[PDB]
Structure formats: C-alpha cells, structure tokens
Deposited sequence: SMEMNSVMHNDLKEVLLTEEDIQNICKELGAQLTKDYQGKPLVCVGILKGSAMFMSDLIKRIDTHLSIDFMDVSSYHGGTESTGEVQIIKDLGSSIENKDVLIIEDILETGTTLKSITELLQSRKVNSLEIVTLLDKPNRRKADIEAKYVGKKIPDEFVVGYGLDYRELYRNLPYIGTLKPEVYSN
C-alpha cells in the first residue's frame, strides 16, 4: 500500500475525462430513447451509485430514481435486502450497472422487475466483461468492453476500498 493512492495503480483503463465522455454520449442516447417516457433509473447498491449519479446528469428528460440491495443465496436465486421504494407498474425502467460480468444476479433482477408490469426494461452498464457471462443477458447500452482483469475505481472496490477514485484501473500485484 502506497501513501499516494494513484500509486497503487498499475494502469489507468479509463480516466475521469474518458468516463465523463461516456456519460455524456450514453446520456444523449438515453435522452433520445426515453424522452417523454415515465423513466425510472434503478441502481443496485453499492458500486453502481457512482456511475448512475453521473449518468443521470446527462439524461435530459424527466426521470425518477430508485435503488435495490440484493445478495446471492451464482445460482439465479437472489435475496432482496432492500426492494425498490416505489411502484414501477407502467414505468420504463433502466437498470444502471457499473459492470456486467456473469449476469446471473442481474438476470434474476430483470425477471422480478418484469413481473411488476413495467412498460419496458433495459440495462445500461459502464463496463462489460462478456467472456464472464453465465446467464442469457446482454445490455442494450454499454460504455466500454474491457479486458477480464480485476479493476477498481469509480464504484468498483477491492476489499471495500478504491470506490472513490474518479478513474478506473488495475492495481499493482503487490496490493493483492
């Protein structure tokens, strides 16, 4: 562990500027697609909150937000630790993820929300590791497909640390 935190990184994969550019570009597209619709943006705690927060700045249409907290009992079966606080019937739902990996938990969440009689349901993920997929799920909106290496920053943690970086990258191997 370095006193200076950026010194913990081996490589920066996405700078803050890169991430903000992705938010602007995805936000413009999402604005197009959801303008005038009853859009609810749903984040899955904890890490997705950083990306969501920046993404919704750039969605220039009315929307509400909500959050869920879920735990795997990956077996497809998911435990709801915090459910949505508001109804999604007749709403257009966008689940906002920091990273899509196996998809298993996310697939189960989409099945649940679909049962609530939404108008539509789509996923926007900042990062995608498609090689990791185990469930039959793909995001309509993807920021960047990345190598299957452990990354941290911008919501993504190691041992609960590093979610505060405004960029994303790989750690030196002496850190883990």
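Can you give me the gaps, meaning deposited-sequence stretches with no C-alpha coordinates, in sequence order? Those parts of the chain that were deposited but carry no coordinates are 1 to 3, 77 to 81, 185 to 186.
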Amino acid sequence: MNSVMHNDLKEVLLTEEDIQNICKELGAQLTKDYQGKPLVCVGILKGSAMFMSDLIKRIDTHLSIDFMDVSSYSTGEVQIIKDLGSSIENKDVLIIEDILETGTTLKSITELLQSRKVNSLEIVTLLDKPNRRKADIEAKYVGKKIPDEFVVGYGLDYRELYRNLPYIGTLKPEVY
From here on, numbers count along this sequence of modelled residues.
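Out of 128 to 136 and 52 to 60, which one has CA B-factors that are higher on average in the deposited record? Between 128 to 136 and 52 to 60, it is 128 to 136.
When the Cα temperature factors in the entry are averaged, is it 7 to 15 or 21 to 29 that ends up higher? If you average the C-alpha B-factors of 21 to 29 and of 7 to 15, the larger mean comes out for 7 to 15.
Specify which of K117, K145, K37, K46 carries the largest Cα B factor in the deposited PDB entry. The record points to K117.
Ranking every modelled residue in this chain by its Cα temperature factor as given in the entry, which third contains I123? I123: CA B-factor falls in the lowest third of its chain.
Select lowest, middle or highest to describe the third in which the CA B-factor of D92 falls within its chain in this entry. It falls in the middle third of the chain.
Just say lowest, middle or highest third for the CA B-factor of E101 relative to the other modelled residues in its chain. Its C-alpha B-factor belongs to the middle third of this chain's values.
Tell me, lowest, middle or highest third: where does the Cα B factor of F150 rank within its chain? According to the entry, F150 has a C-alpha B-factor in the chain's highest third.
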